[PDB]
Amino acid sequence: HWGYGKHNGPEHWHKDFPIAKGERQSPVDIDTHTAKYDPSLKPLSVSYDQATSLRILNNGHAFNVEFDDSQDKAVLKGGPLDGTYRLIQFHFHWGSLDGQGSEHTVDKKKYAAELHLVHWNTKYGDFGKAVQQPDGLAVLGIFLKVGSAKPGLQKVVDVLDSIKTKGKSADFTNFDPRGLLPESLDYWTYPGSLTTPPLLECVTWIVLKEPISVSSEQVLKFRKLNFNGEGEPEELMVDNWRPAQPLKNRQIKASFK
Ligand SMILES: O=C(O)CN1C(=O)c2ccccc2S1(=O)=O
Ligand SMILES: [Zn+2]
């Protein structure tokens, strides 16, 4: 099946998922000199005080910190969004080197990693139905640069030893995702897609302008995970990012001047 290697990577995905060459694919390069400030965009509303994390899973492509999305406990609203979107999970995409790893780029700059907090539109009832709609998901993307450690990320880094391989999961309760946010909520937004198969064009992307900083030791631990399952040849989980796709007929809007 699909992956990130030379024979099953992003350049091959279109054979099984033709929408890979679609009109609103993600990620994209964010050209800061052409994004337009939109004074009508509202401040984002991130309400994570009642967030309930449950588990962390290595799914063979990344690791997902899953939340209870059976109630409106952790929701995203406002910004370019109409309605309420519930947090279902967050994960990261990262590189083999600090100079690459993010999916979105800013003026062609690649960050060491990118965090995606995935939310689905409650008007569709469940994640599976939401991904079949143009406004089904809202993903909050946050860039990671290497420098000072991010205290709020350490609990995630420390549990990785227990989910080293594909299919492994571990209890991960009481994790506060607010500890992964930068100070500012200024953002860019554009209509896009899932960045891994099925690549459905169901995402309102909201990418924060301010990166968070993580330490080299923290990212190094992400690179010790495995794409493979236990007992299989070790293939380090690194460079699990899709490169920038054609913007085509889309405009990226900025919430700030
Ligand atoms: O990478 C992303 O932020 C968005 N996602 C995807 O691209 C994707 C693909 C398959 C299943 C689930 C997901 S997702 O919602 O996590
Ligand atoms: Zn992602």
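Reckoned from all heavy atoms, side chains included, excluding hydrogens, waters and symmetry mates. Every number for a ligand or one of its atoms is a count from 1 in the order of the listing. Positions are given from 1, in the same order as the sequence printed here.
A salt bridge does not link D161 to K224: none of the charged nitrogens lies less than 4.0 Å from a carboxylate oxygen. Salt-bridge check for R242 with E103: failed, with every basic side-chain N at 4.0 Å or more from each acidic carboxylate O. Between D107 and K109, no side-chain nitrogen of the basic residue sits less than 4.0 Å from a carboxylate oxygen of the acidic one, so the salt-bridge criterion is not met. Ion pairing between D171 and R55 fails under the 4.0 Å rule for side-chain N and carboxylate O.
If you check which protein heavy atom lies closest to atom 1 (O) of ligand 1, you get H91 NE2, 3.0 Å. At the shortest separation from atom 3 (O) of ligand 1 among protein heavy atoms lies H116 ND1, 3.0 Å. Here the protein heavy atom with the shortest distance to atom 4 (C) of ligand 1 is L194 CD2, 4.1 Å.
When rounded to 10 degrees, the angle formed at the Zn ion (ligand 2) by ND1 (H116) and NE2 (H93) equals 100°.
Ring to ring, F222 and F92 are close: their centroids are under 6.0 angstrom apart. The distance between the ring centers of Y4 and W13 falls below 6.0 angstrom.
For atom 11 (C) of ligand 1, no protein heavy-atom neighbour is found at a distance under 4.0 Å.
Under the 4.0 angstrom criterion for non-hydrogen atoms, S193 is not in contact with ligand 1. Residue-ligand proximity: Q89 is placed with a non-hydrogen atom under 4.0 Å from ligand 1.
Put simply, the side chain of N228 gets close to the backbone of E235: a donor and an acceptor are under 3.5 Å apart. With hydrogens and angles disregarded, a donor-acceptor distance shorter than 3.5 Å links the side chain of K155 to the backbone of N174.
For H91, the N, O or S atom with the smallest separation from the Zn ion (ligand 2) is NE2.
Numbered from 1 in the order shown, with element, the atoms of ligand 1 that lie under 4.0 Å from a heavy atom of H93 read 1 (O). Those atoms of ligand 1 that come under 4.0 Å of a heavy atom in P197, given as number and element, are 9 (C), 10 (C).
On a distance-only criterion, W205 and ligand 1 share no N/O pair closer than 3.5 Å. Taking only nitrogen or oxygen atoms, main chain and side chain alike, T196 reaches within less than 3.5 Å of ligand 1.
Residue-level proximity to ligand 1 for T195 is carried by backbone and side chain together, each with a heavy atom below 4.0 angstrom. Contacts between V118 and ligand 1, counted as non-hydrogen atom pairs separated by less than 4.0 Å, involve the side chain only. With a 4.0 Å cut-off on non-hydrogen atoms, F127 touches ligand 1 through its side chain and not its backbone.
Shortest non-hydrogen contact noted between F67 and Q89 is CD1-CA, 4.1 Å.
More than 12 heavy-atom neighbours from other residues, nucleotides or ligands sit within 6.0 angstrom of CD on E210.
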